[PDB]
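Everything on this sheet refers to the single structure shown next.
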Amino acid sequence: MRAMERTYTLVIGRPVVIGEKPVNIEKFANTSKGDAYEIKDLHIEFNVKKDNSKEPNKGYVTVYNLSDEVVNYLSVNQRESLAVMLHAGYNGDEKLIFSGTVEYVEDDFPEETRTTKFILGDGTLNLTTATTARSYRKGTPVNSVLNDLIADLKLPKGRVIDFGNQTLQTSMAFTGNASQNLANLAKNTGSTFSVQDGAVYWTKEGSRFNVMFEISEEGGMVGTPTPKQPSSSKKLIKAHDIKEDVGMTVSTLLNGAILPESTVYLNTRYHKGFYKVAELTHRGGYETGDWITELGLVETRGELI
Amino acid sequence: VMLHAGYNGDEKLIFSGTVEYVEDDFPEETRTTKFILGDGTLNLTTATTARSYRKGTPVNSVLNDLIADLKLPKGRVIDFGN
Amino acid sequence: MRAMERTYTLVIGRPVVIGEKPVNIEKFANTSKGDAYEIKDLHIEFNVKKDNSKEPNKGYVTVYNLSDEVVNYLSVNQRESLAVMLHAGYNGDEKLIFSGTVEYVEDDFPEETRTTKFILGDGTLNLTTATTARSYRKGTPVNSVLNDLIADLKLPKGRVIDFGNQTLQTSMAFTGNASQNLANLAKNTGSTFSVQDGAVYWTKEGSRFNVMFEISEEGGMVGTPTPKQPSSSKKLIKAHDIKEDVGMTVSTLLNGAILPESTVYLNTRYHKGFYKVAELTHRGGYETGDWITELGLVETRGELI
Amino acid sequence: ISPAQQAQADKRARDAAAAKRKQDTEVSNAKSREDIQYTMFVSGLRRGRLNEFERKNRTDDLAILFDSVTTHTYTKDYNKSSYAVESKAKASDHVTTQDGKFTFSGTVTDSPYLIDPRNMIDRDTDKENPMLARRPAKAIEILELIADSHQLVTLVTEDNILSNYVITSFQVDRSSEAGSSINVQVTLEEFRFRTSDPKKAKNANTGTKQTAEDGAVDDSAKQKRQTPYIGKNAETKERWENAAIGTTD
Amino acid sequence: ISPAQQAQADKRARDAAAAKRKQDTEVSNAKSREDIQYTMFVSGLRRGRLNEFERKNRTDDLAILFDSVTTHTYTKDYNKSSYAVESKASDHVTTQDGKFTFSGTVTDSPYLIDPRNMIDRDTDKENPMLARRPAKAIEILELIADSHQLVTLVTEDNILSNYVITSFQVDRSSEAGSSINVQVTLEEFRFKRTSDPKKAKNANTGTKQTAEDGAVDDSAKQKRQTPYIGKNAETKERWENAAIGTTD
Amino acid sequence: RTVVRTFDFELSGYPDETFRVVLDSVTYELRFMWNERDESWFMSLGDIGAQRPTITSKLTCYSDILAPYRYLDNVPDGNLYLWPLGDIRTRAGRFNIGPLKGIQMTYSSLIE
Amino acid sequence: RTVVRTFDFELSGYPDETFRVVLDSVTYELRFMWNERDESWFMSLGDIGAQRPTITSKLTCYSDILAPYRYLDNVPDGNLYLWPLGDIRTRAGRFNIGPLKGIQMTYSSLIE
Amino acid sequence: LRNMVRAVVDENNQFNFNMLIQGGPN
Amino acid sequence: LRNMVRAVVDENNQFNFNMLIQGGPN
Amino acid sequence: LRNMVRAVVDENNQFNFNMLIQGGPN
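Residue numbers (the entry's author numbering), protein chains in the order written: chain X, 1 to 209, 211 to 240, 264 to 329; chain X', 84 to 165; chain X'', 1 to 209, 211 to 240, 264 to 329; chain K, 8 to 200, 210 to 265; chain L, 8 to 94, 97 to 201, 210 to 265; chain M, 7 to 118; chain N, 7 to 118; chain W, 786 to 811; chain W', 786 to 811; chain W'', 786 to 811. A prime marks a further copy of an entry chain.
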């Protein structure tokens with residue numbers, strides 16, 4: 001008989017180079033020598049937050065007592081963006097939990113124990129340097145503008161909801177970073193745009209997608226759900265009506281197969297119903313600490329897209 | 084929301100406003116409710132105006148015109164004179 | 001036989017008054033009575049950070065159980081900028097470690113012990129109020145523009161590297177604070193501008209000045226050097265190339281005879297070579313605490329100016 | 008003060024400085040010898056473990072024996088995590104193993120009974136005049152050398168054999184209760200983890225490398241003099257390096 | 008109140024202030040001369056340590072002997088990372106400072122009054138109790154600790170150097186009257210001008226300002242210039258003012 | 007073609023050393039492999055993070071290693087040579103490479 | 007050439023003192039080396055962080071040290087002299103330099 | 786024990802976010 | 786014990802306010 | 786003990802600086 005013990009894996013690959021086609025962090029895993037630097041049995045502490053907004057998802061990691069060779073490989077490439085993937089689970093499988101580029105790295109080795117630090121960004125390089133220069137005339141179909149701008153961003157299309165037969169009412173011009181322009185189109189058309197684990201997600205506010214996840218005491222829930230406001234401020238109201269404005273909170277054992285834009289079903293004894301996801305935070309302490317995930321849910325009032 | 088405090092014989096008004104934020108966390112033993120209250124936040128951050136005046140207008144008139152727009156009681160004002 | 005014990009001195013002088021010539025904090029030390037208020041044998045905690053950037057270097061200080069007379073002298077002059085100097089060393093000498101103006105001061109005396117607080121700025125008054133209004137035509141030599149703007153700033157010239165026979169390509173106009181205009185000229189010409197302990201330093205990025214300091218176990222080093230990135234973010238690269269982009273970290277016993285723009289030689293058993301300095305932080309606890317200095321080094325790839 | 012007192016001051020600097028040099032150099036000699044291993048025989052010597060005491064040659068495999076070991080103990084530990092559930096109860100998650108700790112107490116007497124030369128403490132002890140041999144002192148400078156050099160000790164106990172243990176602390180008490188002996192206590196914990213054939217070696221890394229500090233180009237940075245050549249084969253070298261290498265100028 | 012009390016409060020302040028001038032002055036000079044070297048003999052003596060006890064004079068290498076030492080203990084400590092290492098990575102350990110402590114006693118009825126001991130500098134031979142030996146020891150003990158001397162310990166087995174006193178205790182219990190029990194604690198010290214130019218090394222002093230109250234610093238503090246003593250006022254005068262000028 | 011000495015190398019003897027160096031303000035990564043049967047060092051040169059090395063060659067004394075390769079945008083234009091400090095007949099070995107070990111591996115850069 | 011006294015120096019006697027000073031609002035670094043056979047102080051003057059000192063000279067009493075060097079943009083235009091406070095016949099020594107030690111090293115600046 | 790500190794830092798960050806983003810029609 | 790933490794957070798906020806608002810004629 | 790708190794405050798400041806300054810060609 002065994003116990004139920006945690007497991008994880010961390011991989012470091014070649015520098016990421018942006019080209020003239022969508023970037024996939026998967027293909028950069030292999031190093032010039034072939035197999036990548038894998039780190040399994042070392043105490044690790046990490047925190048990974050995810051959201052549906054302009055900003056990329058960022059995660060922090062700490063590793064104790066790394067071998068000198070690995071640290072040397074990171075002393076080099078300090079000018080470059082190494083690709084990194086993280087996996088976690090329970091002794092039988094490990095689900096992808098983050099993938100991005102090493103934004104920052106530093107080492108402090110006071111006496112007894114060295115402590116390496118990381119800051120990782122989910123597509124930070126693309127979202128902050130992809131320039132654009134486009135224009136359109138009166139009568140252009142809005143569905144064409146959306147596709148044109150996304151292709152400029154150079155990322156795979158996770159999911160998109162086209163506008164239909166919508167047409168521009170006035171001439172438009174777009175410059176600067178493509179991400180910023182798209183985030184502005186979100187406000188005026190009730191659409192949510194956010195990149196996550198390399199995938200572009202374009203959806204409509206208020207509406208939600211089946212029960213892709215069910216939460217219950219069998220599903221490793223942790224404590225009862227509690228109602229928490231989804232924003233730190235309140236807006237004036239007429240009392264688009266379809267927009268968000270309500271939510272709840274839940275916690276569960278670590279499970280990387282969840283994304284901010286997904287949908288979950290809450291099977292508890294007090295609260296029951298369907299909710300959207302709005303925010304994720306993954307925490308982990310291998311030898312000591314939690315191994316759980318926190319979800320911020322938001323009520324929905326739109327159509328079932 | 085209103086809040087009162089004192090010493091066992093009387094309670095003086097100490098704050099009055101609107102509940103800007105509220106959240107609940109109930110880990111195991113004890114629930115802990117949180118609040119953030121604002122003193123007139125809604126009025127101060129949404130009261131729009133559109134006014135103009137010409138050369139020679141008395142400044143004392145401009146002040147009164149703008150305050151009435153803000154839609155709040157006048158606690159105390161010191162007019163500008165002439 | 002003795003031990004190796006710490007020593008320090010703190011001096012407070014007249015209010016600083018800016019005039020029509022370079023400001024020297026040295027000449028304001030003497031008070032109307034003559035000798036200044038010197039504080040030697042009182043527990044003191046201080047933190048002083050230094051850098052090479054637009055912002056001035058600021059340091060914090062705390063003193064316990066000051067006499068009422070000294071506190072009274074600071075209750076007055078609360079509208080004015082008193083000049084302050086700080087010294088530290090080891091029982092045989094004390095090196096100047098900071099000099100500036102008292103930006104802030106507050107006193108809290110709960111029951112047993114009063115605790116005075118300070119915030120000091122290195123040339124804050126000059127860098128934030130020196131206005132300018134200058135213009136030049138096509139063909140003007142850039143070397144003339146640089147000297148004209150620095151004289152406006154009213155500070156002594158610590159060190160400057162002239163541009164040679166460079167000439168303006170387009171007409172230029174400068175207004176507002178002189179420091180801001182100079183910091184803009186830095187970006188477009190690969191030059192570093194930063195005031196420090198009253199001295200103006202204008203150098204060129206990438207290049208460095211002899212071994213003015215050597216670090217080794219004999220030189221009171223504290224722990225081994227570790228590689229740390231010199232910035233909290235990574236820039237996109239073509240992979264001016266001469267710019268920085270790499271660095272290291274070291275710690276040493278307190279030594280005020282070091283400046284951000286200097287050069288150091290690192291004689292350790294793993295790392296060996298020459299580095300620039302980029303950042304300093306001086307910490308100190310007289311009765312209890314550290315008495316060390318931290319240096320952030322940056323690799324260089326330019327000519328040996 | 009006086010000129011004569013300057014000589015007295017100089018003595019302090021020299022003798023005090025000379026003392027640390029002897030200690031520091033000796034410690035530096037350790038951590039440089041990798042063909043040396045230290046083993047401590049806490050117990051079992053007279054029951055089965057005599058087989059291992061015969062394998063040590065007093066030159067590179069050394070044995071530490073104690074005149075008496077009062078007690079020894081061994082305690083391993085584990086950590087168990089726990090998370091709360093909505094049923095107002097607590098569940099459990101993975102667990103971890105926390106290395107392991109070992110301690111023992113012993114005594115070294117200035118009047119030994121069993122003086123075995125194979126024991127490394129008795130390397131120089133006189134057979135017929137033990138009390139003047141300074142056994143109690145001779146054990147401190149050898150025990151301290153092992154600890155301060157961070158040796159990986161191996162313990163041969165009667166119950167089992169432990170390896171990769173690092174000393175953490177020890178004590179020496181010359182209490183008036185016993186006298187003519189030293190009471191010794193020690194603690195250890197498990198420190199759980210070039211040459212050689214090219215076939216077995218794999219790709220290493222060294223990171224960024226600056227100019228070598230043992231040859232020219234550093235002197236130009238350190239502002240020093242280049243070393244003159246020793247003349248041999250002149251007029252053959254100078255023509256070629258001067259044309260193919262040049263000089264740092 | 009009355010003037011009679013003002014002539015009394017002054018006495019209370021004057022005598023109390025005189026105490027610091029005595030104690031505070033002694034430590035100052037004790038630190039202003041590094042030639043003296045203190046040593047302590049805990050046990051050791053009769054097992055051949057007399058070879059170095061006789062080296063101690065009465066002016067530079069002062070020695071201290073207690074009437075009795077009951078126990079002394081020596082200990083060192085080390086620490087290691089509590090997390091599994093990455094593998097040999099044997100550098101994950103550090104060394105702490107060794108500690109030394111012992112207990113002793115000083116009695117009014119000594120059995121051995123060897124004058125070489127600094128406790129017995131000027132003790133009477135025939136009346137040891139009137140000499141007040143316990144008071145002699147405490148006066149010595151505080152001065153050594155206060156001045157932060159690097160003491161040297163001579164022990165049974167080994168010899169320790171560069172040890173500083175961090176705490177000591179004194180008491181006079183009802184039992185063992187006419188004597189005092191003493192405890193001491195010491196720790197290692199990892200310590201790391211008129212000098213031979215051949216041994217000199219490049220040094221630094223940072224930025225420096227006008228040095229000391231000079232002819233120019235006096236003006237800054239509004240002090241009046243020091244008059245020149247007229248040993249000669251014919252040669253320098255014509256040149257001093259013309260070439261050096263005056264602060265003004 | 008005036009040239010000035012500007013860099014020197016050292017090898018610890020490990021059969022698979024790999025490290026990064028900066029030459030002419032540009033940065034490159036180097037790999038050194040020891041061959042048993044031929045008792046010689048194999049050097050590979052390439053860009054940082056490159057998939058494959060740009061140049062691979064065998065090291066020998068008094069031979070211009072880069073001679074046939076000064077036509078690529080990512081290859082130094084200087085001179086790389088190995089010459090001995092001791093007797094001229096000594097050939098490159100494993101442990102005898104360094105500023106004082108017997109063989110002086112050096113890089114020199116043309117004056118522009 | 008009117009001049010006013012504006013700075014004074016002191017030396018601790020250490021044979022290789024080095025420190026930074028500010029004169030005429032400009033900053034310079036100074037080095038002092040003691041010569042045994044000639045029993046005299048050697049002074050070197052240069053800019054902060056300079057590779058080599060701009061001026062080197064031997065210190066003597068009543069001699070204008072900077073006289074032949076007031077033609078460089080990085081040399082003070084003032085007057086640097088050493089004169090004694092005691093008997094006029096005393097020459098510069100090792101420990102006798104300072105505001106009260108016997109010799110007054112001083113700098114004075116012209117009035118502009 | 787870092788758990789206690791992280792909570793206070795989080796609360797302070799929350800207060801600052803509220804201060805920046807408050808009221809408003811947009 | 787939260788008293789100790791609140792003090793440090795307050796001091797850090799004070800330093801940041803000083804950094805933002807400094808010098809200037811207005 | 787303030788040493789422990791200062792470290793966490795420093796790390797939070799570092800995270801905020803990274804959030805403000807990231808990516809970008811300039």
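No residue lacks a Cβ here, since even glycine has one placed at the ideal position from N, Cα and C.
**OP:** Could you tell me which chain X residues have their CB closer than 8 Å to the CB of residue 320 of chain X'', listed as they occur along the chain?
**Re:** Those do not exist, as residue 320 of chain X'' stays about 10 Å from chain X at its closest Cβ, beyond 8 Å.
Original post:
Going straight from the alpha carbon of residue 790 of chain W' to that of residue 313 of chain X, what length do you get?
Top reply: 22 Å
Original post:
Using a Cβ-Cβ distance under 8 Å, would residue 803 of chain W'' count as near chain X''?
Top reply: yes
Original post:
Can you find a C-beta in chain X that's less than 8 Å from the C-beta of residue 104 of chain X'?
Top reply: yes
Original post:
Does the beta carbon of residue 94 of chain M come closer than 8 Å to any beta carbon on chain X?
Top reply: no
**OP:** Taking 8 Å as the threshold, find out whether the segment 117-132 of chain X comes into contact with the segment 151-159 of chain X through three or more Cβ pairs.
**Re:** yes
Original post:
So with Cβ pairs under 8 Å, would you call residue 108 of chain X' a contact of chain X?
Top reply: yes
Original post:
Roughly how many whole angstroms lie between the Cα atoms of residue 255 of chain L and residue 21 of chain N?
Top reply: 34 Å
Original post:
Hey, is residue 148 of chain L's beta-carbon within less than 8 Å of any beta-carbon in chain X''?
Top reply: no
Original post:
Cα separation between residue 10 of chain N and residue 91 of chain N?
Top reply: 18 Å
Subject >> Collapsed DSSP secondary structure at residue 142 of chain X' in the structure displayed >> reply: helix
Original post:
Are residue 304 of chain X'' and residue 317 of chain X'' closer than 8 Å when you measure CB to CB?
Top reply: yes
Original post:
Quick one: does residue 269 of chain X'' have its CB under 8 Å from some CB of chain X?
Top reply: yes
**OP:** Determine, using beta carbons only, whether residue 197 of chain X'' and residue 122 of chain X'' come nearer to each other than 8 Å.
**Re:** yes
Subject >> Reference residue 43 of chain L; option with closest CA among L:221, L:223, L:157, L:245 >> reply: L:157
Original post:
Shorter than 8 Å from the beta carbon of residue 15 of chain X to some beta carbon of chain M?
Top reply: yes
**OP:** Just the chain X'' side, please: which residues come within less than 7 Å of residue 36 of chain L by C-beta, in chain order?
**Re:** By Cβ distance, chain X'' contributes nothing, its closest Cβ being about 12 Å from residue 36 of chain L, past 7 Å.
Subject >> Where residue 166 of chain L meets chain K, residues with beta-carbon distance less than 7 Å >> reply: 143, 144, 147
**OP:** Determine the direct distance from the alpha carbon of residue 39 of chain X to that of residue 170 of chain X'', and round the result to whole angstroms.
**Re:** 56 Å
Subject >> Contact with chain X'' by residue 63 of chain K, beta-carbon distance below 8 Å >> reply: no
Subject >> Boundaries of the alpha helix (DSSP H) in which residue 114 of chain M is found, first to last residue >> reply: No alpha helix (DSSP H) contains residue 114 of chain M, which is instead part of the beta strand (DSSP E) from 109-116.
**OP:** Starting from residue 805 of chain W', trace the beta strand (DSSP E) both ways and give me its first and last residue.
**Re:** Run containing residue 805 of chain W': none in the beta strand (DSSP E); it sits in the alpha helix (DSSP H), 787-805.
Subject >> C-alpha gap between residue 15 of chain M and residue 73 of chain X, whole angstroms >> reply: 20 Å
Original post:
What's the gap between the Cα of residue 47 of chain K and the Cα of residue 111 of chain L?
Top reply: 29 Å
**OP:** Can you check the segment 94-119 of chain X' for any beta strand (DSSP E) of at least 3 residues that lies completely inside it and give the ranges in chain order?
**Re:** 94-99, 101-108
**OP:** Could you tell me the boundaries of the alpha helix (DSSP H) in which residue 60 of chain L lies?
**Re:** 57-60
Subject >> Nonlocal neighbours in the same chain, by C-beta distance under 6 Å from residue 214 of chain X'', ignoring five residues either side >> reply: 288
Original post:
If residue 18 of chain X'' and residue 82 of chain X'' are in contact, beta carbons under 8 Å, what's the gap, nearest whole angstrom?
Top reply: About 14 Å separates the two Cβ atoms, so there is no contact after all.
Subject >> From X:80, X:23, X:56, X:44, residue whose alpha carbon lies closest to that of residue 239 of chain X'' >> reply: X:80
Original post:
What residues from chain K crowd round residue 222 of chain X, counting only those whose CB sits closer than 8 Å?
Top reply: 92, 93
**OP:** Quick one: measure Cβ to Cβ for residue 115 of chain M and residue 265 of chain X'', integer angstroms, because I've assumed they're closer than 8 Å.
**Re:** The Cβ separation is near 16 Å, so there is no contact.
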